[PDB]
$ cat work-v5.cif   # mmCIF, C-alpha atoms
data_entry
#
loop_
_atom_site.label_atom_id
_atom_site.label_comp_id
_atom_site.auth_asym_id
_atom_site.auth_seq_id
_atom_site.Cartn_x
_atom_site.Cartn_y
_atom_site.Cartn_z
CA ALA L 1 6.81 -16.54 -34.03
CA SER L 2 7.32 -18.99 -31.17
CA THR L 3 6.56 -16.74 -28.12
CA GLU L 4 2.80 -17.11 -28.72
CA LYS L 5 2.74 -20.81 -28.06
CA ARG L 6 4.87 -20.54 -24.89
CA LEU L 7 2.55 -17.91 -23.52
CA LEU L 8 -0.40 -20.08 -24.39
CA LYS L 9 1.30 -23.01 -22.54
CA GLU L 10 1.96 -20.84 -19.47
CA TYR L 11 -1.75 -19.95 -19.44
CA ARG L 12 -3.04 -23.52 -19.66
CA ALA L 13 -0.64 -24.52 -16.93
CA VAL L 14 -1.82 -21.95 -14.45
CA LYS L 15 -5.44 -22.41 -15.47
CA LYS L 16 -5.27 -26.06 -14.54
CA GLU L 17 -3.04 -25.62 -11.44
CA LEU L 18 -5.66 -23.34 -9.74
CA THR L 19 -8.43 -25.86 -10.52
CA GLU L 20 -6.67 -28.28 -8.09
CA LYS L 21 -7.29 -27.73 -4.35
CA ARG L 22 -4.13 -29.33 -2.98
CA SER L 23 -1.64 -27.87 -5.52
CA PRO L 24 1.22 -25.77 -4.06
CA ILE L 25 0.09 -22.75 -6.22
CA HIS L 26 -2.19 -21.50 -3.50
CA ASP L 27 0.39 -21.09 -0.70
CA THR L 28 2.52 -19.14 -3.22
CA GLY L 29 -0.10 -16.36 -3.18
CA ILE L 30 -1.34 -16.65 -6.74
CA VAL L 31 -5.09 -16.27 -6.84
CA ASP L 32 -5.56 -15.72 -10.57
CA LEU L 33 -3.61 -15.12 -13.85
CA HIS L 34 -4.77 -14.85 -17.47
CA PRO L 35 -4.61 -12.94 -20.75
CA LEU L 36 -6.99 -10.13 -21.51
CA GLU L 37 -9.30 -10.02 -24.52
CA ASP L 38 -8.04 -12.37 -27.22
CA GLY L 39 -4.53 -10.65 -27.11
CA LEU L 40 -1.76 -12.79 -25.49
CA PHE L 41 0.53 -9.84 -24.80
CA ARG L 42 -1.44 -8.20 -22.00
CA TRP L 43 -2.36 -10.11 -18.91
CA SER L 44 -4.10 -9.69 -15.60
CA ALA L 45 -3.13 -11.21 -12.33
CA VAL L 46 -4.42 -11.19 -8.77
CA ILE L 47 -2.12 -12.10 -5.86
CA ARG L 48 -2.54 -12.46 -2.09
CA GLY L 49 0.11 -10.90 0.05
CA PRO L 50 2.00 -13.38 2.13
CA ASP L 51 1.31 -14.49 5.68
CA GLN L 52 3.17 -13.27 8.78
CA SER L 53 3.52 -9.94 6.85
CA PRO L 54 1.58 -6.63 6.91
CA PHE L 55 0.18 -7.46 3.42
CA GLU L 56 -1.44 -10.70 4.74
CA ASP L 57 -5.06 -11.52 3.98
CA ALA L 58 -5.51 -8.88 1.24
CA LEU L 59 -5.50 -9.23 -2.53
CA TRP L 60 -3.86 -7.02 -5.21
CA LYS L 61 -4.28 -6.64 -8.94
CA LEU L 62 -1.43 -6.66 -11.43
CA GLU L 63 -1.28 -5.80 -15.14
CA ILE L 64 1.38 -7.58 -17.19
CA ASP L 65 2.76 -6.38 -20.55
CA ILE L 66 4.58 -9.01 -22.58
CA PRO L 67 7.28 -7.91 -25.12
CA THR L 68 7.23 -9.67 -28.51
CA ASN L 69 10.65 -11.29 -28.16
CA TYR L 70 9.64 -12.73 -24.71
CA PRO L 71 10.96 -14.69 -23.00
CA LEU L 72 14.27 -13.22 -24.03
CA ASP L 73 13.06 -9.93 -22.68
CA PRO L 74 11.15 -9.67 -19.37
CA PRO L 75 7.48 -8.79 -18.98
CA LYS L 76 6.71 -5.32 -17.64
CA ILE L 77 4.62 -5.86 -14.53
CA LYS L 78 2.78 -3.28 -12.38
CA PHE L 79 0.29 -3.21 -9.51
CA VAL L 80 -3.05 -1.66 -10.51
CA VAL L 81 -3.29 1.53 -8.45
CA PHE L 82 -6.02 4.11 -8.83
CA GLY L 83 -6.60 7.61 -7.64
CA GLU L 84 -8.55 8.12 -4.39
CA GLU L 85 -11.50 9.57 -6.42
CA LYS L 86 -11.63 6.56 -8.80
CA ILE L 87 -11.49 4.15 -5.84
CA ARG L 88 -14.34 5.88 -3.90
CA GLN L 89 -16.58 5.40 -7.03
CA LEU L 90 -15.60 1.73 -7.31
CA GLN L 91 -16.57 1.41 -3.60
CA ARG L 92 -20.13 2.61 -4.40
CA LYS L 93 -20.69 -0.74 -6.20
CA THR L 94 -20.64 -2.60 -2.84
CA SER L 95 -22.74 -5.76 -3.75
CA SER L 96 -20.12 -8.19 -2.54
CA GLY L 97 -19.64 -10.14 -5.82
CA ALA L 98 -16.26 -11.71 -6.71
CA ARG L 99 -13.67 -10.43 -4.20
CA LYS L 100 -12.25 -7.40 -2.47
CA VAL L 101 -9.05 -6.07 -3.97
CA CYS L 102 -6.95 -3.18 -2.71
CA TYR L 103 -5.99 -0.48 -5.18
CA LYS L 104 -3.13 1.17 -3.34
CA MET L 105 0.32 -0.37 -2.94
CA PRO L 106 2.52 1.04 -0.13
CA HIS L 107 5.94 -0.70 -0.31
CA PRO L 108 9.60 0.62 -0.67
CA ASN L 109 10.12 -1.19 -3.95
CA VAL L 110 6.91 -0.10 -5.69
CA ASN L 111 6.12 3.31 -7.04
CA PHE L 112 3.11 4.65 -5.20
CA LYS L 113 1.46 6.32 -8.25
CA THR L 114 2.42 4.20 -11.30
CA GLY L 115 2.43 0.73 -9.62
CA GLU L 116 5.85 0.05 -11.07
CA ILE L 117 8.06 -2.53 -9.34
CA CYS L 118 11.78 -2.61 -8.61
CA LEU L 119 12.72 -6.30 -8.57
CA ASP L 120 16.09 -7.73 -10.01
CA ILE L 121 14.24 -10.65 -11.71
CA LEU L 122 12.32 -8.22 -13.89
CA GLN L 123 15.23 -5.83 -14.63
CA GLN L 124 17.90 -8.05 -16.23
CA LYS L 125 18.40 -10.86 -13.86
CA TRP L 126 15.44 -12.03 -16.03
CA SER L 127 16.11 -15.09 -18.15
CA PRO L 128 13.88 -17.38 -20.20
CA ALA L 129 14.11 -19.78 -17.27
CA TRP L 130 11.51 -17.56 -15.57
CA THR L 131 7.82 -17.71 -16.28
CA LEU L 132 5.05 -15.22 -15.60
CA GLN L 133 3.97 -17.48 -12.79
CA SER L 134 7.32 -17.56 -10.97
CA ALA L 135 7.83 -13.85 -11.43
CA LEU L 136 4.54 -13.37 -9.54
CA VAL L 137 5.69 -15.65 -6.72
CA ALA L 138 8.83 -13.52 -6.71
CA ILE L 139 6.74 -10.37 -6.21
CA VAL L 140 4.85 -11.88 -3.27
CA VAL L 141 8.20 -12.77 -1.74
CA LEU L 142 9.20 -9.11 -2.25
CA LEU L 143 6.13 -7.96 -0.33
CA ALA L 144 7.42 -9.85 2.75
CA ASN L 145 11.03 -8.87 1.99
CA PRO L 146 11.22 -5.30 0.98
CA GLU L 147 14.64 -3.98 -0.02
CA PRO L 148 14.98 -0.42 1.52
CA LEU L 149 18.30 0.30 -0.23
CA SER L 150 16.70 0.01 -3.72
CA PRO L 151 13.60 2.27 -3.14
CA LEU L 152 10.88 3.35 -5.54
CA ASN L 153 8.86 4.75 -2.58
CA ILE L 154 11.25 6.70 -0.33
CA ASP L 155 8.94 7.26 2.61
CA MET L 156 7.91 3.67 3.16
CA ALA L 157 11.58 2.72 2.79
CA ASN L 158 12.60 5.32 5.40
CA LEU L 159 10.32 3.79 7.99
CA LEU L 160 12.47 0.70 7.71
CA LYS L 161 15.64 2.76 7.88
CA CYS L 162 14.29 4.22 11.15
CA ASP L 163 13.42 0.70 12.21
CA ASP L 164 9.85 2.03 12.65
CA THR L 165 8.30 -1.30 11.92
CA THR L 166 4.93 -0.47 13.54
CA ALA L 167 4.43 2.69 11.50
CA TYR L 168 5.21 0.63 8.39
CA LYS L 169 2.56 -1.93 9.38
CA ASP L 170 -0.17 0.46 10.62
CA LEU L 171 0.19 2.39 7.36
CA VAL L 172 -0.04 -0.80 5.24
CA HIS L 173 -3.22 -1.77 7.28
CA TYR L 174 -4.56 1.72 6.68
CA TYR L 175 -4.38 1.61 2.89
CA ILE L 176 -6.00 -1.82 2.79
CA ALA L 177 -8.94 -0.79 4.94
CA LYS L 178 -9.67 2.57 3.31
CA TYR L 179 -8.82 1.66 -0.39
CA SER L 180 -10.22 -1.81 -1.30
CA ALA L 181 -13.22 -2.51 -3.58
CA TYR L 182 -14.76 -5.09 -5.94
CA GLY G 1 -13.58 14.65 0.83
CA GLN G 2 -11.58 16.94 3.12
CA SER G 3 -8.14 15.21 3.67
CA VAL G 4 -6.41 15.91 7.00
CA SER G 5 -3.41 14.37 8.75
CA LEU G 6 -3.51 15.00 12.48
CA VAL G 7 -0.42 14.44 14.56
CA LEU G 8 -1.04 14.18 18.27
CA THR G 9 1.60 14.42 20.95
CA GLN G 10 0.61 13.97 24.61
CA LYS G 11 -0.04 17.74 24.77
CA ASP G 12 -1.91 18.08 21.48
CA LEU G 13 -4.26 15.32 22.75
CA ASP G 14 -6.68 17.66 24.56
CA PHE G 15 -7.58 19.23 21.18
CA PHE G 16 -8.88 15.78 20.12
CA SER G 17 -12.42 14.53 20.16
CA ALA G 18 -13.84 11.14 19.32
CA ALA G 19 -16.29 13.20 17.27
CA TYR G 20 -13.69 14.02 14.56
CA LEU G 21 -13.06 10.36 13.59
CA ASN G 22 -16.77 9.52 13.56
CA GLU G 23 -17.55 12.39 11.22
CA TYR G 24 -14.55 12.67 8.80
CA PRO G 25 -13.52 9.49 6.81
CA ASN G 26 -10.43 11.24 5.39
CA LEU G 27 -9.05 12.20 8.78
CA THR G 28 -6.00 10.25 9.71
CA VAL G 29 -4.31 10.46 13.09
CA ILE G 30 -0.60 9.98 13.75
CA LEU G 31 0.44 9.34 17.38
CA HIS G 32 3.78 10.47 18.78
CA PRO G 33 5.80 7.63 20.38
CA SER G 34 4.73 9.19 23.73
CA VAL G 35 1.10 8.25 23.00
CA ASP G 36 0.27 4.52 23.05
CA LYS G 37 -2.20 3.53 20.34
CA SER G 38 -4.28 0.99 22.20
CA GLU G 39 -4.73 3.20 25.34
CA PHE G 40 -5.69 6.15 23.09
CA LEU G 41 -8.37 4.05 21.44
CA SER G 42 -10.17 3.02 24.66
CA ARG G 43 -9.71 6.43 26.23
CA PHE G 44 -11.76 8.00 23.39
CA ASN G 45 -13.89 4.95 22.41
CA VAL G 46 -12.54 5.05 18.84
CA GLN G 47 -11.80 1.31 18.43
CA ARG G 48 -14.02 1.33 15.30
CA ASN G 49 -11.46 3.61 13.60
CA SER G 50 -8.28 1.65 14.47
CA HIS G 51 -7.06 1.84 10.85
CA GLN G 52 -7.36 5.64 10.70
CA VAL G 53 -4.85 5.89 13.58
CA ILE G 54 -1.08 5.32 13.05
CA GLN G 55 1.30 4.43 15.88
CA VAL G 56 4.73 5.80 15.16
CA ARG G 57 7.86 4.91 17.21
CA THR G 58 10.36 7.72 16.36
CA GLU G 59 9.71 11.44 15.83
CA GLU G 60 11.44 11.25 12.43
CA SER G 61 8.94 8.62 11.31
CA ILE G 62 6.18 11.25 11.70
CA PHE G 63 7.42 13.19 8.68
CA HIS G 64 7.74 10.06 6.55
CA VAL G 65 4.22 9.07 7.51
CA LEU G 66 2.94 12.57 6.65
CA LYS G 67 4.81 12.52 3.31
CA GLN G 68 3.58 9.04 2.54
CA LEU G 69 -0.04 10.03 3.35
CA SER G 70 0.11 13.40 1.55
CA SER G 71 -3.05 14.82 3.10
CA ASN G 72 -4.41 18.16 1.82
CA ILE G 73 -4.23 19.58 5.40
CA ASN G 74 -1.45 18.79 7.83
CA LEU G 75 -1.92 19.64 11.48
CA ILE G 76 1.11 19.29 13.69
CA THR G 77 2.63 21.43 16.45
CA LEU G 78 6.33 21.14 15.68
CA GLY G 79 7.01 23.04 18.94
CA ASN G 80 5.75 19.97 20.87
CA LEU G 81 8.47 17.68 19.49
CA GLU G 82 11.71 16.90 21.38
CA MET G 83 13.64 17.21 18.09
CA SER G 84 14.21 20.79 16.87
CA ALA G 85 15.88 22.84 14.12
CA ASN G 86 15.61 19.61 12.00
CA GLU G 87 13.46 21.21 9.40
CA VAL G 88 15.85 19.20 7.26
CA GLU G 89 12.78 17.58 5.73
CA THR G 90 10.57 20.23 3.91
CA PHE G 91 7.37 21.60 2.30
CA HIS G 92 6.37 18.46 0.30
CA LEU G 93 3.11 18.90 2.32
CA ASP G 94 0.09 20.99 1.22
CA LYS G 95 -1.27 23.39 3.92
CA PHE G 96 0.68 22.69 7.09
CA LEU G 97 -0.79 24.54 10.05
CA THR G 98 -0.05 24.32 13.79
CA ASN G 99 -2.38 21.82 15.44
CA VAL G 100 -4.20 24.56 17.45
CA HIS G 101 -6.17 25.44 14.23
CA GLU G 102 -8.00 22.15 14.24
CA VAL G 103 -11.39 23.93 14.55
CA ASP G 104 -11.06 25.70 11.16
CA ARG G 105 -11.47 22.14 9.67
#
$ encode --input "work-v5.cif" --output "structure tokens"
Amino acid sequence: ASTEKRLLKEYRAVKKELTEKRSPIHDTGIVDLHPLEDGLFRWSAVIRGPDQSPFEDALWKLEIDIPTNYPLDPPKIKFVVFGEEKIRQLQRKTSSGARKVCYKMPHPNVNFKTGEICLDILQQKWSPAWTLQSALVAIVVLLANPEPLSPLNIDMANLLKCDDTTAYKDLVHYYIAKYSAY
Amino acid sequence: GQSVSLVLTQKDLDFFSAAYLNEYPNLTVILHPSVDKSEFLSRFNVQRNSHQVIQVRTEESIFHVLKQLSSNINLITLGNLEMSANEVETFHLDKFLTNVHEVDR
């Protein structure tokens, strides 16, 4: 019953926080966040990977599913990740409209295919104290701070176990170059 | 769309040509630790394709990079590694062939 008006409040909040230039929202990495359609229980978000990190200067898209008893239960959040054939068709519409977004996510704690994320905050260290907005900031922090010992992408994680930090970074720079679009 | 991962040691390097990177967008090159990335790029004038080239720092990393990339074709002379009998890692990879058969694709 109640959930609806929290979610609406969370939306208005972030709407108006992005409208201000000097607000701290921007250095958190959050470029955009809103509900789809008229339905409150499915949201889109765009984030910018954090500075001094291999994800710097690129955007990503996230889809957010909200359970009905939220905020008691966490949102399910995933990176939007497409197949190489779907991305190369999206690239054919090159008229440089809104923004470039990258549709692959190479990180130890995200699943390369599904876009699913392994982050304590989302898997039952969640509490109603958290908002959609701070969960996002949490995910950008995760991008700079992968956790190799809790991997959803073994191979990216193993580059860190090898201490092969340059391979990790080249590969991240690769995906961003080859697989972004509008 | 003709996806190939090419791993170049020092020795494999003479089978390379700047031509390959110009012509195939889905070619992706993985340098042995022995091969420095930035010297490789000026030596073949392939600065334009920096992103398609991946500097690795341990031999093990090669296999993780290959497995992460998952290219349709995987060219690598295992005989040119210093590691050996560590085929501990597997056939996750579609169509491995020794690097000598570049010219077939």
$ resolve_selection --input "work-v5.cif" --expression "the PyMOL selection byres ((chain L) within 12 of (chain G))" --output "VMD selection string"
chain L and resid 84 to 85 88 104 to 108 111 to 113 153 to 179
$ resolve_selection --input "work-v5.cif" --expression "the PyMOL selection byres ((chain G and resi 92) around 10)" --output "ChimeraX atom specification"
/G:63,66-67,70,89-91,93-96
$ closest_residue --input "work-v5.cif" --among "L:152, L:118, L:101, L:138" --to "residue 58 of chain L" --atoms "all atoms listed in the file"
L:101
$ atom_distance --input "work-v5.cif" --atom1 "atom CA of residue 3 of chain L" --atom2 "atom CA of residue 68 of chain L"
7.1 Å
$ resolve_selection --input "work-v5.cif" --expression "the PyMOL selection byres ((chain G and resi 104) around 12)" --output "compact mmCIF listing (two decimals) with C-alpha atoms, in the frame of the given file"
# COMPACT_ATOMS: atom_id res chain seq x y z
CA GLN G 2 -11.58 16.94 3.12
CA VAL G 4 -6.41 15.91 7.00
CA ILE G 73 -4.23 19.58 5.40
CA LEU G 75 -1.92 19.64 11.48
CA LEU G 97 -0.79 24.54 10.05
CA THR G 98 -0.05 24.32 13.79
CA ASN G 99 -2.38 21.82 15.44
CA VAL G 100 -4.20 24.56 17.45
CA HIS G 101 -6.17 25.44 14.23
CA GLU G 102 -8.00 22.15 14.24
CA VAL G 103 -11.39 23.93 14.55
CA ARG G 105 -11.47 22.14 9.67
$ closest_residue --input "work-v5.cif" --among "L:47, L:82, L:65, L:52" --to "residue 26 of chain L" --atoms "only C-alpha atoms"
L:47
$ atom_distance --input "work-v5.cif" --atom1 "atom CA of residue 128 of chain L" --atom2 "atom CA of residue 51 of chain L"
28.9 Å
$ axis_aligned_box --input "work-v5.cif" --around "segment 70-88 of chain G" --padding-each-side "5 Å" --output "AutoDock Vina command-line options"
--center_x 5.7 --center_y 18.2 --center_z 11.5 --size_x 30.3 --size_y 19.6 --size_z 29.8
$ atom_distance --input "work-v5.cif" --atom1 "atom CA of residue 31 of chain L" --atom2 "atom CA of residue 114 of chain L"
22.3 Å
$ closest_residue --input "work-v5.cif" --among "L:125, L:42, L:99, L:21" --to "residue 4 of chain L" --atoms "all atoms listed in the file"
L:42
$ closest_residue --input "work-v5.cif" --among "L:119, L:18, L:134, L:103" --to "residue 148 of chain L" --atoms "only C-alpha atoms"
L:119
$ closest_residue --input "work-v5.cif" --among "L:83, L:75, L:50, L:29" --to "residue 121 of chain L" --atoms "all atoms listed in the file"
L:75
$ closest_residue --input "work-v5.cif" --among "L:60, L:11, L:55, L:79" --to "residue 132 of chain L" --atoms "all atoms listed in the file"
L:11
$ residues_around --input "work-v5.cif" --residues "residue 8 of chain G" --least-positions-apart "3" --cutoff "9 Å" --atoms "all atoms listed in the file" --output "PyMOL selection string"
chain G and resi 11-13+15-16+29-32+35+75-77+99
$ residues_near_point --input "work-v5.cif" --point "(19.4, -6.7, -8.5)" --cutoff "12 Å" --atoms "all atoms listed in the file" --output "number ranges by chain"
L: 109, 118-126, 147, 149-151
$ build_atoms --input "work-v5.cif" --residues "segment 77-99 of chain L" --atoms "N, CA, C and O atoms" --output "PDB file, in the frame of the given file"
ATOM      1  N   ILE L  77       5.690  -5.570 -15.460  1.00  0.00           N
ATOM      2  CA  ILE L  77       4.620  -5.860 -14.530  1.00  0.00           C
ATOM      3  C   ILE L  77       4.392  -4.718 -13.542  1.00  0.00           C
ATOM      4  O   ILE L  77       5.336  -4.216 -12.951  1.00  0.00           O
ATOM      5  N   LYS L  78       3.131  -4.308 -13.380  1.00  0.00           N
ATOM      6  CA  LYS L  78       2.780  -3.280 -12.380  1.00  0.00           C
ATOM      7  C   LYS L  78       1.540  -3.638 -11.607  1.00  0.00           C
ATOM      8  O   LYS L  78       0.681  -4.353 -12.115  1.00  0.00           O
ATOM      9  N   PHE L  79       1.506  -3.182 -10.355  1.00  0.00           N
ATOM     10  CA  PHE L  79       0.290  -3.210  -9.510  1.00  0.00           C
ATOM     11  C   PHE L  79      -0.733  -2.245 -10.071  1.00  0.00           C
ATOM     12  O   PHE L  79      -0.355  -1.126 -10.419  1.00  0.00           O
ATOM     13  N   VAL L  80      -2.007  -2.633 -10.129  1.00  0.00           N
ATOM     14  CA  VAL L  80      -3.050  -1.660 -10.510  1.00  0.00           C
ATOM     15  C   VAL L  80      -3.430  -0.790  -9.269  1.00  0.00           C
ATOM     16  O   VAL L  80      -3.820  -1.284  -8.209  1.00  0.00           O
ATOM     17  N   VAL L  81      -3.234   0.508  -9.456  1.00  0.00           N
ATOM     18  CA  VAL L  81      -3.290   1.530  -8.450  1.00  0.00           C
ATOM     19  C   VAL L  81      -4.146   2.651  -9.042  1.00  0.00           C
ATOM     20  O   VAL L  81      -3.888   3.132 -10.135  1.00  0.00           O
ATOM     21  N   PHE L  82      -5.165   3.074  -8.327  1.00  0.00           N
ATOM     22  CA  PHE L  82      -6.020   4.110  -8.830  1.00  0.00           C
ATOM     23  C   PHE L  82      -5.944   5.304  -7.934  1.00  0.00           C
ATOM     24  O   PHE L  82      -5.437   5.224  -6.808  1.00  0.00           O
ATOM     25  N   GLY L  83      -6.409   6.431  -8.460  1.00  0.00           N
ATOM     26  CA  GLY L  83      -6.600   7.610  -7.640  1.00  0.00           C
ATOM     27  C   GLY L  83      -7.723   7.400  -6.624  1.00  0.00           C
ATOM     28  O   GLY L  83      -8.680   6.611  -6.825  1.00  0.00           O
ATOM     29  N   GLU L  84      -7.586   8.117  -5.509  1.00  0.00           N
ATOM     30  CA  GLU L  84      -8.550   8.120  -4.390  1.00  0.00           C
ATOM     31  C   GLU L  84     -10.014   8.422  -4.853  1.00  0.00           C
ATOM     32  O   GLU L  84     -10.957   7.790  -4.374  1.00  0.00           O
ATOM     33  N   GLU L  85     -10.183   9.318  -5.823  1.00  0.00           N
ATOM     34  CA  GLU L  85     -11.500   9.570  -6.420  1.00  0.00           C
ATOM     35  C   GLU L  85     -12.023   8.412  -7.285  1.00  0.00           C
ATOM     36  O   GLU L  85     -13.178   8.076  -7.211  1.00  0.00           O
ATOM     37  N   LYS L  86     -11.186   7.774  -8.087  1.00  0.00           N
ATOM     38  CA  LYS L  86     -11.630   6.560  -8.800  1.00  0.00           C
ATOM     39  C   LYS L  86     -11.970   5.399  -7.858  1.00  0.00           C
ATOM     40  O   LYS L  86     -12.902   4.631  -8.132  1.00  0.00           O
ATOM     41  N   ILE L  87     -11.215   5.250  -6.771  1.00  0.00           N
ATOM     42  CA  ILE L  87     -11.490   4.150  -5.840  1.00  0.00           C
ATOM     43  C   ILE L  87     -12.817   4.365  -5.112  1.00  0.00           C
ATOM     44  O   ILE L  87     -13.611   3.428  -5.017  1.00  0.00           O
ATOM     45  N   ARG L  88     -13.077   5.589  -4.623  1.00  0.00           N
ATOM     46  CA  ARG L  88     -14.340   5.880  -3.900  1.00  0.00           C
ATOM     47  C   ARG L  88     -15.589   5.669  -4.783  1.00  0.00           C
ATOM     48  O   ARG L  88     -16.600   5.281  -4.255  1.00  0.00           O
ATOM     49  N   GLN L  89     -15.507   5.826  -6.107  1.00  0.00           N
ATOM     50  CA  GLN L  89     -16.580   5.400  -7.030  1.00  0.00           C
ATOM     51  C   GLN L  89     -16.712   3.901  -7.221  1.00  0.00           C
ATOM     52  O   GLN L  89     -17.819   3.381  -7.353  1.00  0.00           O
ATOM     53  N   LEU L  90     -15.589   3.202  -7.305  1.00  0.00           N
ATOM     54  CA  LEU L  90     -15.600   1.730  -7.310  1.00  0.00           C
ATOM     55  C   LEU L  90     -16.209   1.138  -6.049  1.00  0.00           C
ATOM     56  O   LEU L  90     -16.806   0.084  -6.111  1.00  0.00           O
ATOM     57  N   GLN L  91     -16.001   1.794  -4.912  1.00  0.00           N
ATOM     58  CA  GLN L  91     -16.570   1.410  -3.600  1.00  0.00           C
ATOM     59  C   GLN L  91     -18.130   1.545  -3.535  1.00  0.00           C
ATOM     60  O   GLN L  91     -18.825   0.815  -2.822  1.00  0.00           O
ATOM     61  N   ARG L  92     -18.684   2.469  -4.309  1.00  0.00           N
ATOM     62  CA  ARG L  92     -20.130   2.610  -4.400  1.00  0.00           C
ATOM     63  C   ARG L  92     -20.835   1.393  -4.974  1.00  0.00           C
ATOM     64  O   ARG L  92     -22.017   1.226  -4.744  1.00  0.00           O
ATOM     65  N   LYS L  93     -20.138   0.546  -5.726  1.00  0.00           N
ATOM     66  CA  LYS L  93     -20.690  -0.740  -6.200  1.00  0.00           C
ATOM     67  C   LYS L  93     -20.319  -1.860  -5.213  1.00  0.00           C
ATOM     68  O   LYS L  93     -19.545  -2.801  -5.507  1.00  0.00           O
ATOM     69  N   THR L  94     -20.948  -1.775  -4.034  1.00  0.00           N
ATOM     70  CA  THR L  94     -20.640  -2.600  -2.840  1.00  0.00           C
ATOM     71  C   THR L  94     -21.229  -4.040  -2.775  1.00  0.00           C
ATOM     72  O   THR L  94     -20.808  -4.810  -1.907  1.00  0.00           O
ATOM     73  N   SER L  95     -22.193  -4.407  -3.649  1.00  0.00           N
ATOM     74  CA  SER L  95     -22.740  -5.760  -3.750  1.00  0.00           C
ATOM     75  C   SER L  95     -21.603  -6.737  -3.881  1.00  0.00           C
ATOM     76  O   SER L  95     -20.901  -6.725  -4.880  1.00  0.00           O
ATOM     77  N   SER L  96     -21.417  -7.566  -2.856  1.00  0.00           N
ATOM     78  CA  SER L  96     -20.120  -8.190  -2.540  1.00  0.00           C
ATOM     79  C   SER L  96     -19.765  -9.388  -3.444  1.00  0.00           C
ATOM     80  O   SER L  96     -19.434 -10.480  -2.952  1.00  0.00           O
ATOM     81  N   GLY L  97     -19.725  -9.118  -4.754  1.00  0.00           N
ATOM     82  CA  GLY L  97     -19.640 -10.140  -5.820  1.00  0.00           C
ATOM     83  C   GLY L  97     -18.391 -11.002  -5.729  1.00  0.00           C
ATOM     84  O   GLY L  97     -18.244 -11.736  -4.748  1.00  0.00           O
ATOM     85  N   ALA L  98     -17.499 -10.914  -6.715  1.00  0.00           N
ATOM     86  CA  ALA L  98     -16.260 -11.710  -6.710  1.00  0.00           C
ATOM     87  C   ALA L  98     -15.456 -11.516  -5.387  1.00  0.00           C
ATOM     88  O   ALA L  98     -15.632 -12.259  -4.424  1.00  0.00           O
ATOM     89  N   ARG L  99     -14.607 -10.511  -5.314  1.00  0.00           N
ATOM     90  CA  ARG L  99     -13.670 -10.430  -4.200  1.00  0.00           C
ATOM     91  C   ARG L  99     -13.282  -8.992  -3.995  1.00  0.00           C
ATOM     92  O   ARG L  99     -13.466  -8.156  -4.884  1.00  0.00           O
TER      93      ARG L  99
END
